[PDB]
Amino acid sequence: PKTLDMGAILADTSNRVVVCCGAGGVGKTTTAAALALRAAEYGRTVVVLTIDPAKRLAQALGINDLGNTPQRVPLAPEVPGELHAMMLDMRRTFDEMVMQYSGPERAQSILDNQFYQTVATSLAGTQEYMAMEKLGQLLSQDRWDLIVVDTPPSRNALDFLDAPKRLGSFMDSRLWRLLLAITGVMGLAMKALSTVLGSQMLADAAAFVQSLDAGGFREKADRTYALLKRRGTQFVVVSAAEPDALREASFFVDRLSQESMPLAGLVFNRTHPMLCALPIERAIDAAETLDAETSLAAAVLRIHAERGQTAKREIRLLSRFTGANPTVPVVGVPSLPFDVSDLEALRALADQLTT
């Protein structure tokens, strides 16, 4: 294999942006938070842009509020650096984008529009687009030497790289002005929409097109994507010891390679390393002899054999990824016997990530 050295990547200030990617439910948020807290322990002035921390983790970071801006995470006085954190507010980031380009006066109308509030702000790819927009806002202010980026959950790891551009092209469709804000084909389509859709909804939709007054959205998604191509950007792919998560990680690694984007390596999270060298065949047989003959000893053997079978699946899954990607540095992170929802649990996770 090849061992990923997250500690050396974090300590090197030429690394300015660290993007934590992969499928949802693998440990992206906690990895992002553990990495950011570590960089701060190394002396760096860091900001972690979290997407969806679990309630207890968000409270431990002091980011359980409705804010859409970084706040300082108070740490032990010995800590030489600074940790700053926030949780993305998708709707508020859309408001900020609308105001930045339309101005505060015209933004009052757009923000009050019922079609904007109920439809435009919840379209597919908004979470990825707004994460990218916020990353852009963090970079422009130059308030930190390191930005750790958490990415929205999805069954598809590539949605982070593709969904903003996809949403952007949908927003720039000819169909918005033509069908809401005459022709043979466009006229037929306009008639069909008038016949089926509510007059109030169509008025709010056409008002939104007139009010917004934007290839604006695709051009925004394109410029913001180019920020990921700046020198000092590192991508970290996170995966659980599961086939779907690894396949998503592999798809992401391929894309980074095709696009010549720097990949730090893979975080193979939730592993079950064997703490006892006793073979699986011997453990089952030792438990089976006890079954025919103290229920504690046989159950203890059944735990170990079950863990060993789990460890065998993990090793063959990883060897499949490593065989296909022999150039990719990897770090195995064991499943910790507690929830990663406090600063002390983040510290223990960062110890696993940086060894």
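All residue numbers refer to positions in the sequence shown, first residue = 1.
Could you bin the unmodelled part of the deposited chain lying between residue 214 and residue 215 as none, 1 to 3, 4 to 9, or 10 or more? Per the deposited record, the segment joining residue 214 and residue 215 lacks coordinates for 1 to 3 residues.
If the chain runs straight from residue 181 to residue 182, say none; otherwise bin the unmodelled deposited residues as 1 to 3, 4 to 9, or 10 or more. Missing in between: 4 to 9 residues.
Look up the CA B-factors in the entry and say which stretch, 109 to 117 or 128 to 136, has the higher mean. According to the entry, 109 to 117 carries the higher average C-alpha B-factor.
Looking at the deposited entry, does 137 to 145 or 205 to 213 carry the larger mean Cα B-factor? Stretch with the higher mean C-alpha B-factor: 205 to 213.
Top Cα B factor in the deposited entry, candidates 188, 167, 256, 236: Of the candidates given, the C-alpha B-factor peaks at 188.
Using only the C-alpha B-factors in the record, can you name which of 70, 308, 53, 27 has the highest? Within the set 70, 308, 53, 27, 308 shows the top C-alpha B-factor.
Ranked by Cα temperature factor within the chain, is residue 92 in the lowest third, the middle third or the highest third? Its C-alpha B-factor, which the entry lists for residue 92, ranks in the lowest third among residues of this chain.
Among the modelled residues of its chain, does the C-alpha B-factor of residue 221 lie in the lowest, middle or highest third? Middle third, going by the recorded CA B-factors of the chain.
Comparing against every modelled residue in the chain, figure out the third that the C-alpha B-factor of residue 150 lands in (lowest, middle or highest). For residue 150, whose C-alpha B-factor we compare with every modelled residue in the chain, the answer is the lowest third.
Can you tell me whether residue 248 has a C-alpha B-factor in the lowest, middle or highest third compared with the other modelled residues of the same chain? For residue 248, whose C-alpha B-factor we compare with every modelled residue in the chain, the answer is the middle third.
Record-listed C-alpha B factor of residue 35: chain third: Answer is lowest: the recorded C-alpha B-factor places it there.
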